[PDB]
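target.json follows; it contains JSON, C-alpha atoms and all ligand atoms.
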```
[["chain", "number", "residue", "atom", "x", "y", "z"],
["T", 36, "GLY", "CA", -39.38, 92.02, -33.31],
["T", 37, "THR", "CA", -38.65, 93.61, -29.94],
["T", 38, "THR", "CA", -38.55, 91.25, -26.97],
["T", 39, "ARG", "CA", -39.12, 91.93, -23.30],
["T", 40, "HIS", "CA", -37.26, 90.50, -20.32],
["T", 41, "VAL", "CA", -38.26, 90.83, -16.69],
["T", 42, "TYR", "CA", -36.12, 89.92, -13.72],
["T", 43, "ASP", "CA", -36.29, 90.14, -9.96],
["T", 44, "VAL", "CA", -35.08, 88.64, -6.72],
["T", 45, "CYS", "CA", -37.62, 86.36, -5.07],
["T", 46, "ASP", "CA", -38.60, 82.82, -4.06],
["T", 47, "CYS", "CA", -39.63, 80.52, -6.91],
["T", 48, "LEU", "CA", -43.11, 79.91, -5.48],
["T", 49, "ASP", "CA", -43.74, 83.66, -5.21],
["T", 50, "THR", "CA", -42.78, 84.06, -8.88],
["T", 51, "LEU", "CA", -44.94, 81.16, -10.03],
["T", 52, "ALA", "CA", -47.94, 82.30, -7.98],
["T", 53, "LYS", "CA", -47.85, 85.53, -9.97],
["T", 54, "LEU", "CA", -48.02, 83.76, -13.35],
["T", 55, "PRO", "CA", -51.33, 82.75, -15.00],
["T", 56, "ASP", "CA", -52.16, 79.25, -16.27],
["T", 57, "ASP", "CA", -50.72, 78.17, -19.63],
["T", 58, "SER", "CA", -48.79, 81.43, -20.17],
["T", 59, "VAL", "CA", -45.22, 80.11, -20.56],
["T", 60, "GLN", "CA", -43.71, 78.13, -23.45],
["T", 61, "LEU", "CA", -40.44, 76.93, -21.93],
["T", 62, "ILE", "CA", -38.98, 76.66, -18.47],
["T", 63, "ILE", "CA", -35.26, 76.27, -17.79],
["T", 64, "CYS", "CA", -34.93, 74.54, -14.45],
["T", 65, "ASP", "CA", -31.63, 73.97, -12.66],
["T", 66, "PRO", "CA", -32.84, 73.70, -9.03],
["T", 67, "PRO", "CA", -30.99, 73.42, -5.75],
["T", 68, "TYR", "CA", -31.03, 69.75, -4.70],
["T", 69, "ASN", "CA", -31.35, 70.22, -0.94],
["T", 70, "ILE", "CA", -33.93, 71.99, 1.22],
["T", 71, "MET", "CA", -33.15, 74.83, 3.65],
["T", 72, "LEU", "CA", -32.88, 74.30, 7.41],
["T", 73, "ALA", "CA", -36.12, 76.26, 7.89],
["T", 74, "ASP", "CA", -37.85, 74.03, 5.31],
["T", 75, "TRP", "CA", -37.95, 71.32, 7.97],
["T", 76, "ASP", "CA", -40.93, 73.14, 9.48],
["T", 77, "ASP", "CA", -43.18, 71.91, 6.67],
["T", 78, "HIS", "CA", -41.37, 69.06, 4.87],
["T", 79, "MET", "CA", -39.80, 65.68, 5.60],
["T", 80, "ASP", "CA", -37.83, 65.31, 2.35],
["T", 81, "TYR", "CA", -36.64, 67.09, -0.78],
["T", 82, "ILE", "CA", -39.61, 66.13, -2.98],
["T", 83, "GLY", "CA", -41.97, 67.38, -0.30],
["T", 84, "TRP", "CA", -40.69, 70.85, -1.16],
["T", 85, "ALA", "CA", -39.89, 70.32, -4.85],
["T", 86, "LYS", "CA", -43.36, 68.96, -5.72],
["T", 87, "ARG", "CA", -44.78, 72.42, -5.03],
["T", 88, "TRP", "CA", -42.83, 74.24, -7.71],
["T", 89, "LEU", "CA", -43.02, 71.23, -10.04],
["T", 90, "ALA", "CA", -46.84, 71.36, -9.88],
["T", 91, "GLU", "CA", -46.80, 75.13, -10.40],
["T", 92, "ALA", "CA", -44.33, 74.84, -13.29],
["T", 93, "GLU", "CA", -46.71, 72.48, -15.08],
["T", 94, "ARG", "CA", -49.63, 74.85, -14.39],
["T", 95, "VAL", "CA", -47.93, 77.87, -15.98],
["T", 96, "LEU", "CA", -46.74, 75.94, -19.06],
["T", 97, "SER", "CA", -48.93, 76.19, -22.15],
["T", 98, "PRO", "CA", -50.36, 73.03, -23.82],
["T", 99, "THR", "CA", -47.41, 73.11, -26.24],
["T", 100, "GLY", "CA", -44.87, 73.95, -23.54],
["T", 101, "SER", "CA", -41.93, 72.10, -22.03],
["T", 102, "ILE", "CA", -39.65, 72.17, -19.00],
["T", 103, "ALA", "CA", -36.01, 71.13, -19.04],
["T", 104, "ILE", "CA", -34.74, 70.03, -15.62],
["T", 105, "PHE", "CA", -31.01, 69.82, -14.94],
["T", 106, "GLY", "CA", -29.80, 67.30, -12.39],
["T", 107, "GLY", "CA", -27.49, 64.44, -11.56],
["T", 108, "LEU", "CA", -27.94, 60.81, -10.58],
["T", 109, "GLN", "CA", -25.52, 60.75, -7.64],
["T", 110, "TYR", "CA", -27.89, 61.32, -4.68],
["T", 111, "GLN", "CA", -26.43, 59.60, -1.59],
["T", 112, "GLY", "CA", -29.56, 59.39, 0.59],
["T", 113, "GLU", "CA", -29.01, 62.44, 2.84],
["T", 114, "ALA", "CA", -32.23, 63.64, 4.48],
["T", 115, "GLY", "CA", -33.51, 66.81, 2.84],
["T", 116, "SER", "CA", -31.63, 66.30, -0.43],
["T", 117, "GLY", "CA", -32.21, 64.39, -3.66],
["T", 118, "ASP", "CA", -31.41, 64.35, -7.36],
["T", 119, "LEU", "CA", -32.96, 64.17, -10.83],
["T", 120, "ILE", "CA", -34.15, 60.64, -10.11],
["T", 121, "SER", "CA", -36.02, 61.88, -7.01],
["T", 122, "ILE", "CA", -37.87, 64.29, -9.30],
["T", 123, "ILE", "CA", -38.48, 61.87, -12.17],
["T", 124, "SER", "CA", -39.94, 59.23, -9.84],
["T", 125, "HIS", "CA", -42.26, 61.82, -8.34],
["T", 126, "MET", "CA", -43.31, 62.98, -11.83],
["T", 127, "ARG", "CA", -44.11, 59.42, -12.94],
["T", 128, "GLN", "CA", -46.44, 59.00, -9.97],
["T", 129, "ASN", "CA", -48.09, 62.42, -9.87],
["T", 130, "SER", "CA", -47.81, 64.24, -13.20],
["T", 131, "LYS", "CA", -49.31, 63.69, -16.64],
["T", 132, "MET", "CA", -46.35, 65.38, -18.31],
["T", 133, "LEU", "CA", -44.41, 63.24, -20.77],
["T", 134, "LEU", "CA", -40.72, 62.57, -20.44],
["T", 135, "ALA", "CA", -39.84, 63.40, -24.05],
["T", 136, "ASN", "CA", -36.11, 62.78, -23.47],
["T", 137, "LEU", "CA", -33.45, 62.13, -20.86],
["T", 138, "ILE", "CA", -30.49, 64.09, -22.19],
["T", 139, "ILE", "CA", -26.92, 63.32, -21.19],
["T", 140, "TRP", "CA", -24.63, 66.35, -20.95],
["T", 141, "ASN", "CA", -21.21, 64.73, -21.36],
["T", 142, "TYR", "CA", -18.49, 67.27, -20.57],
["T", 143, "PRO", "CA", -14.80, 66.77, -21.61],
["T", 144, "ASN", "CA", -12.93, 67.56, -18.40],
["T", 145, "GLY", "CA", -13.32, 66.99, -14.68],
["T", 146, "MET", "CA", -11.82, 65.64, -11.47],
["T", 147, "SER", "CA", -9.91, 62.37, -11.39],
["T", 148, "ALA", "CA", -10.83, 59.40, -9.21],
["T", 149, "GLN", "CA", -9.00, 56.31, -8.05],
["T", 150, "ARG", "CA", -11.92, 54.31, -6.60],
["T", 151, "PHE", "CA", -14.47, 54.72, -9.41],
["T", 152, "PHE", "CA", -15.05, 55.95, -12.95],
["T", 153, "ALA", "CA", -14.35, 59.69, -13.14],
["T", 154, "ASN", "CA", -17.60, 61.63, -13.46],
["T", 155, "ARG", "CA", -18.14, 63.28, -16.81],
["T", 156, "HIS", "CA", -21.90, 63.72, -17.08],
["T", 157, "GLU", "CA", -24.95, 65.63, -15.86],
["T", 158, "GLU", "CA", -28.53, 65.00, -17.00],
["T", 159, "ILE", "CA", -31.37, 67.04, -18.44],
["T", 160, "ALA", "CA", -34.91, 65.70, -18.14],
["T", 161, "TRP", "CA", -37.09, 67.24, -20.84],
["T", 162, "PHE", "CA", -40.75, 67.06, -19.84],
["T", 163, "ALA", "CA", -43.48, 68.17, -22.26],
["T", 164, "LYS", "CA", -46.85, 69.22, -20.90],
["T", 165, "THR", "CA", -48.73, 67.37, -23.63],
["T", 166, "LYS", "CA", -48.23, 65.32, -26.79],
["T", 167, "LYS", "CA", -48.56, 68.54, -28.84],
["T", 168, "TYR", "CA", -45.33, 70.03, -27.53],
["T", 169, "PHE", "CA", -43.41, 72.34, -29.81],
["T", 170, "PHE", "CA", -40.18, 71.01, -31.28],
["T", 171, "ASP", "CA", -37.89, 72.70, -33.77],
["T", 172, "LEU", "CA", -35.34, 70.01, -34.66],
["T", 173, "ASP", "CA", -34.04, 71.77, -37.78],
["T", 174, "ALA", "CA", -33.03, 74.67, -35.54],
["T", 175, "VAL", "CA", -30.56, 72.44, -33.65],
["T", 176, "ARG", "CA", -29.38, 70.02, -36.36],
["T", 177, "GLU", "CA", -25.61, 69.77, -36.81],
["T", 178, "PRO", "CA", -24.52, 70.19, -40.46],
["T", 179, "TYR", "CA", -22.08, 67.82, -42.13],
["T", 180, "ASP", "CA", -18.92, 69.20, -43.71],
["T", 181, "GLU", "CA", -19.01, 69.81, -47.47],
["T", 182, "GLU", "CA", -17.06, 66.59, -48.06],
["T", 183, "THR", "CA", -19.38, 64.27, -46.15],
["T", 184, "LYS", "CA", -22.48, 66.09, -47.36],
["T", 185, "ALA", "CA", -21.29, 65.41, -50.91],
["T", 186, "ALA", "CA", -20.74, 61.70, -50.22],
["T", 187, "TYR", "CA", -24.27, 61.38, -48.84],
["T", 188, "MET", "CA", -25.76, 63.41, -51.70],
["T", 189, "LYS", "CA", -24.49, 60.76, -54.09],
["T", 190, "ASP", "CA", -26.03, 57.94, -52.04],
["T", 191, "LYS", "CA", -29.47, 57.56, -53.65],
["T", 192, "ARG", "CA", -30.50, 55.49, -50.61],
["T", 193, "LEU", "CA", -30.44, 58.67, -48.52],
["T", 194, "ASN", "CA", -32.93, 61.54, -48.48],
["T", 195, "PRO", "CA", -31.16, 64.66, -49.90],
["T", 196, "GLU", "CA", -33.17, 67.00, -47.69],
["T", 197, "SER", "CA", -32.21, 65.25, -44.46],
["T", 198, "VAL", "CA", -28.61, 65.54, -45.60],
["T", 199, "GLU", "CA", -28.68, 69.30, -46.21],
["T", 200, "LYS", "CA", -30.66, 70.00, -43.03],
["T", 201, "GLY", "CA", -27.98, 68.26, -40.96],
["T", 202, "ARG", "CA", -28.06, 65.54, -38.32],
["T", 203, "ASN", "CA", -30.19, 65.17, -35.22],
["T", 204, "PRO", "CA", -27.84, 66.19, -32.39],
["T", 205, "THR", "CA", -29.03, 63.11, -30.44],
["T", 206, "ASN", "CA", -29.79, 63.00, -26.69],
["T", 207, "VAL", "CA", -26.08, 62.92, -25.77],
["T", 208, "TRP", "CA", -24.45, 66.35, -25.93],
["T", 209, "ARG", "CA", -20.68, 66.64, -25.79],
["T", 210, "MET", "CA", -20.31, 70.18, -24.48],
["T", 211, "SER", "CA", -17.78, 71.79, -22.15],
["T", 212, "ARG", "CA", -18.64, 73.42, -18.86],
["T", 213, "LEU", "CA", -17.30, 76.90, -18.19],
["T", 214, "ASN", "CA", -13.80, 77.31, -16.78],
["T", 215, "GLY", "CA", -12.45, 79.98, -14.45],
["T", 216, "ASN", "CA", -10.98, 81.87, -17.40],
["T", 217, "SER", "CA", -14.21, 81.85, -19.42],
["T", 218, "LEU", "CA", -15.41, 85.13, -20.95],
["T", 219, "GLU", "CA", -19.08, 84.73, -20.04],
["T", 220, "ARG", "CA", -18.14, 84.02, -16.41],
["T", 221, "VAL", "CA", -20.00, 86.24, -13.91],
["T", 222, "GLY", "CA", -19.02, 84.75, -10.55],
["T", 223, "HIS", "CA", -21.82, 82.24, -9.98],
["T", 224, "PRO", "CA", -20.43, 78.90, -8.67],
["T", 225, "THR", "CA", -22.69, 76.68, -10.81],
["T", 226, "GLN", "CA", -22.98, 78.89, -13.90],
["T", 227, "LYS", "CA", -24.21, 77.01, -16.98],
["T", 228, "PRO", "CA", -22.70, 77.71, -20.43],
["T", 229, "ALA", "CA", -24.80, 79.59, -22.98],
["T", 230, "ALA", "CA", -24.25, 76.77, -25.50],
["T", 231, "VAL", "CA", -26.36, 74.24, -23.57],
["T", 232, "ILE", "CA", -29.16, 76.72, -22.90],
["T", 233, "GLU", "CA", -29.17, 77.90, -26.54],
["T", 234, "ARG", "CA", -29.86, 74.37, -27.74],
["T", 235, "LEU", "CA", -32.82, 73.99, -25.36],
["T", 236, "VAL", "CA", -34.24, 77.41, -26.24],
["T", 237, "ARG", "CA", -33.87, 76.90, -30.00],
["T", 238, "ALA", "CA", -35.42, 73.45, -30.02],
["T", 239, "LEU", "CA", -38.09, 73.76, -27.31],
["T", 240, "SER", "CA", -39.54, 77.25, -27.81],
["T", 241, "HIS", "CA", -40.66, 79.32, -30.75],
["T", 242, "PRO", "CA", -39.49, 82.86, -31.55],
["T", 243, "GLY", "CA", -41.38, 85.50, -29.59],
["T", 244, "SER", "CA", -42.49, 83.03, -26.90],
["T", 245, "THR", "CA", -41.77, 83.26, -23.17],
["T", 246, "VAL", "CA", -38.90, 81.43, -21.47],
["T", 247, "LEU", "CA", -39.10, 81.26, -17.67],
["T", 248, "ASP", "CA", -36.30, 80.53, -15.20],
["T", 249, "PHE", "CA", -37.08, 80.72, -11.45],
["T", 250, "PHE", "CA", -33.66, 79.45, -10.28],
["T", 251, "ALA", "CA", -31.95, 81.89, -12.67],
["T", 252, "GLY", "CA", -28.55, 81.81, -10.96],
["T", 253, "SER", "CA", -26.17, 83.65, -13.32],
["T", 254, "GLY", "CA", -29.02, 84.90, -15.48],
["T", 255, "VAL", "CA", -27.70, 83.00, -18.50],
["T", 256, "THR", "CA", -31.26, 82.26, -19.61],
["T", 257, "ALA", "CA", -32.03, 85.93, -20.24],
["T", 258, "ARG", "CA", -28.89, 86.42, -22.28],
["T", 259, "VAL", "CA", -29.79, 83.42, -24.43],
["T", 260, "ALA", "CA", -33.43, 84.51, -24.74],
["T", 261, "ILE", "CA", -32.43, 87.99, -25.91],
["T", 262, "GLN", "CA", -29.94, 86.62, -28.44],
["T", 263, "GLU", "CA", -32.51, 84.11, -29.72],
["T", 264, "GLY", "CA", -35.51, 86.44, -30.08],
["T", 265, "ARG", "CA", -37.52, 85.07, -27.15],
["T", 266, "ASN", "CA", -39.08, 86.92, -24.21],
["T", 267, "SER", "CA", -37.95, 85.95, -20.73],
["T", 268, "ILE", "CA", -38.67, 85.99, -17.03],
["T", 269, "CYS", "CA", -35.74, 85.26, -14.72],
["T", 270, "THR", "CA", -35.87, 85.23, -10.92],
["T", 271, "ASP", "CA", -33.58, 83.93, -8.18],
["T", 272, "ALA", "CA", -33.77, 84.10, -4.38],
["T", 273, "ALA", "CA", -30.21, 85.46, -4.05],
["T", 274, "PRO", "CA", -29.82, 89.26, -4.01],
["T", 275, "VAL", "CA", -26.52, 88.90, -5.87],
["T", 276, "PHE", "CA", -28.60, 87.66, -8.83],
["T", 277, "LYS", "CA", -29.30, 91.25, -9.92],
["T", 278, "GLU", "CA", -25.56, 91.77, -10.10],
["T", 279, "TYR", "CA", -25.13, 88.71, -12.34],
["T", 280, "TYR", "CA", -28.07, 89.66, -14.57],
["T", 281, "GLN", "CA", -26.61, 93.10, -15.22],
["T", 282, "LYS", "CA", -23.30, 91.42, -15.97],
["T", 283, "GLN", "CA", -24.97, 89.13, -18.52],
["T", 284, "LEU", "CA", -26.35, 92.21, -20.26],
["T", 285, "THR", "CA", -22.87, 93.66, -20.82],
["T", 286, "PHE", "CA", -22.02, 90.47, -22.73],
["T", 287, "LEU", "CA", -24.67, 91.45, -25.27],
["T", 288, "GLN", "CA", -23.27, 94.94, -25.86],
["T", 297, "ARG", "CA", -31.34, 93.63, -31.94],
["T", 298, "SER", "CA", -34.47, 95.03, -30.28],
["T", 299, "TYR", "CA", -35.24, 94.14, -26.66],
["T", 300, "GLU", "CA", -36.32, 95.79, -23.43],
["T", 301, "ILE", "CA", -35.21, 95.03, -19.87],
["T", 302, "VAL", "CA", -37.64, 95.50, -16.98],
["T", 303, "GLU", "CA", -37.04, 94.95, -13.26],
["T", 304, "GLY", "CA", -39.77, 93.85, -10.85],
["T", 305, "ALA", "CA", -42.11, 90.87, -10.43],
["T", 306, "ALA", "CA", -44.98, 93.34, -10.80],
["T", 307, "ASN", "CA", -43.95, 93.59, -14.44],
["T", 308, "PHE", "CA", -43.96, 89.88, -15.39],
["T", 309, "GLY", "CA", -46.81, 90.61, -17.81],
["T", 310, "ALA", "CA", -44.45, 92.57, -20.04],
["T", 311, "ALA", "CA", -42.74, 89.29, -20.93],
["T", 312, "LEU", "CA", -45.90, 87.22, -21.22],
["T", 313, "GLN", "CA", -47.31, 89.30, -24.07],
["T", 314, "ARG", "CA", -46.88, 87.28, -27.26],
["T", 401, "LIG", "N1", -36.53, 78.80, -3.02],
["T", 401, "LIG", "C1", -35.74, 79.32, -4.00],
["T", 401, "LIG", "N2", -36.34, 80.19, -4.88],
["T", 401, "LIG", "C2", -35.60, 80.74, -5.88],
["T", 401, "LIG", "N3", -34.29, 80.47, -6.07],
["T", 401, "LIG", "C3", -33.71, 79.60, -5.19],
["T", 401, "LIG", "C4", -34.39, 78.98, -4.12],
["T", 401, "LIG", "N4", -33.47, 78.17, -3.46],
["T", 401, "LIG", "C5", -32.31, 78.31, -4.13],
["T", 401, "LIG", "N5", -32.40, 79.16, -5.18],
["T", 401, "LIG", "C6", -31.41, 79.61, -6.19],
["T", 401, "LIG", "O1", -31.32, 78.56, -7.16],
["T", 401, "LIG", "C7", -29.98, 78.39, -7.61],
["T", 401, "LIG", "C8", -29.50, 76.92, -7.41],
["T", 401, "LIG", "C9", -28.21, 76.53, -8.16],
["T", 401, "LIG", "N6", -26.96, 76.60, -7.35],
["T", 401, "LIG", "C10", -28.54, 75.11, -8.68],
["T", 401, "LIG", "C11", -27.40, 74.47, -9.51],
["T", 401, "LIG", "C12", -27.35, 72.91, -9.54],
["T", 401, "LIG", "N7", -28.66, 72.28, -9.78],
["T", 401, "LIG", "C13", -26.68, 72.47, -8.24],
["T", 401, "LIG", "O2", -27.38, 72.42, -7.20],
["T", 401, "LIG", "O3", -25.46, 72.17, -8.29],
["T", 401, "LIG", "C14", -29.16, 79.50, -6.93],
["T", 401, "LIG", "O4", -28.85, 80.58, -7.79],
["T", 401, "LIG", "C15", -29.98, 79.80, -5.68],
["T", 401, "LIG", "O5", -29.87, 81.17, -5.27],
["T", 402, "CL", "CL", -34.46, 59.54, -24.03],
["T", 403, "CL", "CL", -26.53, 79.55, -14.14]]
```
Could you show the structure in this file as structure tokens?
Amino acid sequence: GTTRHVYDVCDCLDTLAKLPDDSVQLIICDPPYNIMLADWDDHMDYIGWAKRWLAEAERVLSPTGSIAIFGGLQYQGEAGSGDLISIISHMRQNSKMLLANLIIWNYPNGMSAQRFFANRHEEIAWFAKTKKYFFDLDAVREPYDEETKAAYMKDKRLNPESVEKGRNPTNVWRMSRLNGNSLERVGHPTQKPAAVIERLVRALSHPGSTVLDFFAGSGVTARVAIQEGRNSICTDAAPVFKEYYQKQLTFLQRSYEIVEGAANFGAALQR
């Protein structure tokens, strides 16, 4: 099964406007949480701008599709900025999508703090377009060691199948962020680790389906999509994105094709 991956440098709304209704299965969304100076010509707050791509994201998702939105809960009230709560509140008022889960990404290390509890978490809001969203839990279950699995297998009160399939990873993920000495590092300041994206891709999309990322950043989504047998469309407004994408590809070096240019999005939409 050969997959196709398209990438390009452009604004998220320009990408979305080029995608047809219900054509995407999963969207990875790790958006900037502040608007640009020029954005003050048409908006009075962050959501004023964000609601545009949020509405479009929903439009391009298929009936069984989902969108995972990364964000924090530390917004301080600055004009033009916001956080995951700004988005969730907007979604509750204006979207029919369902909040299937609020995932806590609990990372091991971080900065210290003397006047408050040191921050060790970031959130992921998983929104499903409808109640018929796709979910592959078995694909992300965590297996028990042979010792524990044996102990449970003897407990007649427990379902043997559930035991062998492994445990639900829960909505709290203890995963490390990338460090400056990380191998998959490409130079992007807010680069996300492949491990977190793999879990979302494996559980929220089916093989051969399209994964879209319009705030692609380091291009980690394409690398994960290729490795996992999915098709992908990754775009970012920064020209340096093309540099990161090509860097992600070297980490791979399986049948897949890479295509540059928004005019070629269709190559990755074909099922
Ligand atoms: N209008 C836009 N269209 C497409 N990409 C954008 C736009 N504005 C910003 N970006 C890109 O989106 C990414 C935002 C990330 N830094 C977001 C990480 C994280 N949510 C944070 O803000 O800390 C970057 O790679 C930006 O180049
Ligand atoms: Cl939840
Ligand atoms: Cl990234």
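For the choices T:112, T:298, T:141, T:310, the atom-to-atom distance to residue 153 (chain T) is smallest for T:141 when using all atoms listed in the file.
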- Query: Can you find the residues with an atom no farther than 10 Å from (-31.7, 69.6, -47.2), counting all atoms listed in the file, and report them as a PyMOL selection string?
  - Reply: chain T and resi 173+178+184+188+194-201
May I have the selected residues written with C-alpha atoms, as a compact mmCIF listing (two decimals), in the coordinates of the input?
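Output file selection_10.txt is given in full below:
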```txt
# COMPACT_ATOMS: atom_id res chain seq x y z
CA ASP T 173 -34.04 71.77 -37.78
CA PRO T 178 -24.52 70.19 -40.46
CA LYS T 184 -22.48 66.09 -47.36
CA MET T 188 -25.76 63.41 -51.70
CA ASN T 194 -32.93 61.54 -48.48
CA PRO T 195 -31.16 64.66 -49.90
CA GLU T 196 -33.17 67.00 -47.69
CA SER T 197 -32.21 65.25 -44.46
CA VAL T 198 -28.61 65.54 -45.60
CA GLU T 199 -28.68 69.30 -46.21
CA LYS T 200 -30.66 70.00 -43.03
CA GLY T 201 -27.98 68.26 -40.96
```
- Message: Please compute the CA of residue 113 (chain T)-CA of residue 83 (chain T) distance, one decimal, in Å.
- Response: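 CA of residue 83 (chain T) lies 14.2 Å from CA of residue 113 (chain T).
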- Message: Taking all atoms listed in the file into account, name the residue in T:133, T:139, T:63, T:72 that is nearest to residue 245 (chain T).
- Response: T:63
- Counting all atoms listed in the file, the residue of T:212, T:86, T:223, T:314 that sits nearest ligand CL 403 (chain T): T:223
Just write region 101-125 of chain T with N, CA and C atoms, as a compact mmCIF listing (two decimals), in the first residue's frame, taken from the block above.
```txt
# COMPACT_ATOMS: atom_id res chain seq x y z
N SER T 101 -11.90 13.17 13.05
CA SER T 101 -11.60 13.84 14.31
C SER T 101 -10.51 14.88 14.14
N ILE T 102 -10.41 15.78 15.12
CA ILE T 102 -9.37 16.79 15.15
C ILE T 102 -8.80 16.83 16.56
N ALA T 103 -7.48 16.77 16.66
CA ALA T 103 -6.82 16.82 17.95
C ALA T 103 -6.15 18.18 18.07
N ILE T 104 -6.57 18.98 19.05
CA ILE T 104 -6.03 20.33 19.20
C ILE T 104 -5.12 20.48 20.43
N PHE T 105 -3.84 20.78 20.19
CA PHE T 105 -2.90 20.96 21.28
C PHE T 105 -3.05 22.36 21.86
N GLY T 106 -2.86 22.49 23.16
CA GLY T 106 -2.98 23.79 23.78
C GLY T 106 -2.79 23.72 25.29
N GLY T 107 -2.60 24.88 25.90
CA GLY T 107 -2.43 24.95 27.33
C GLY T 107 -3.63 25.62 27.98
N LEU T 108 -3.56 25.78 29.29
CA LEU T 108 -4.63 26.40 30.06
C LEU T 108 -4.05 27.54 30.89
N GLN T 109 -3.02 28.20 30.36
CA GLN T 109 -2.36 29.28 31.09
C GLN T 109 -2.59 30.68 30.52
N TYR T 110 -3.55 30.85 29.61
CA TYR T 110 -3.81 32.18 29.06
C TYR T 110 -3.89 33.23 30.18
N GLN T 111 -3.26 34.38 29.97
CA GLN T 111 -3.22 35.45 30.97
C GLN T 111 -4.13 36.64 30.66
N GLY T 112 -4.88 36.59 29.56
CA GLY T 112 -5.79 37.69 29.27
C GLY T 112 -5.28 38.75 28.30
N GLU T 113 -4.10 38.55 27.72
CA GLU T 113 -3.54 39.51 26.77
C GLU T 113 -4.43 39.62 25.52
N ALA T 114 -4.68 40.85 25.07
CA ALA T 114 -5.51 41.05 23.88
C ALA T 114 -4.85 40.42 22.65
N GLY T 115 -5.62 39.64 21.89
CA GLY T 115 -5.08 39.02 20.70
C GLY T 115 -4.57 37.61 20.91
N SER T 116 -4.50 37.17 22.16
CA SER T 116 -4.03 35.82 22.45
C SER T 116 -5.12 35.01 23.17
N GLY T 117 -4.84 33.73 23.40
CA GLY T 117 -5.79 32.87 24.08
C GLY T 117 -5.17 31.52 24.33
N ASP T 118 -5.98 30.54 24.72
CA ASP T 118 -5.45 29.20 24.92
C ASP T 118 -6.50 28.15 24.55
N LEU T 119 -6.25 26.90 24.93
CA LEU T 119 -7.16 25.81 24.60
C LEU T 119 -8.56 26.04 25.16
N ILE T 120 -8.64 26.73 26.29
CA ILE T 120 -9.95 27.01 26.88
C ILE T 120 -10.70 28.02 26.01
N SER T 121 -9.98 28.97 25.41
CA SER T 121 -10.63 29.96 24.53
C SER T 121 -11.31 29.22 23.37
N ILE T 122 -10.62 28.21 22.85
CA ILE T 122 -11.13 27.41 21.74
C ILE T 122 -12.29 26.51 22.18
N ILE T 123 -12.11 25.78 23.28
CA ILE T 123 -13.16 24.89 23.76
C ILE T 123 -14.46 25.64 24.04
N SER T 124 -14.37 26.79 24.70
CA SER T 124 -15.58 27.57 24.98
C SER T 124 -16.27 27.97 23.68
N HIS T 125 -15.49 28.40 22.70
CA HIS T 125 -16.06 28.77 21.42
C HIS T 125 -16.76 27.56 20.78
```
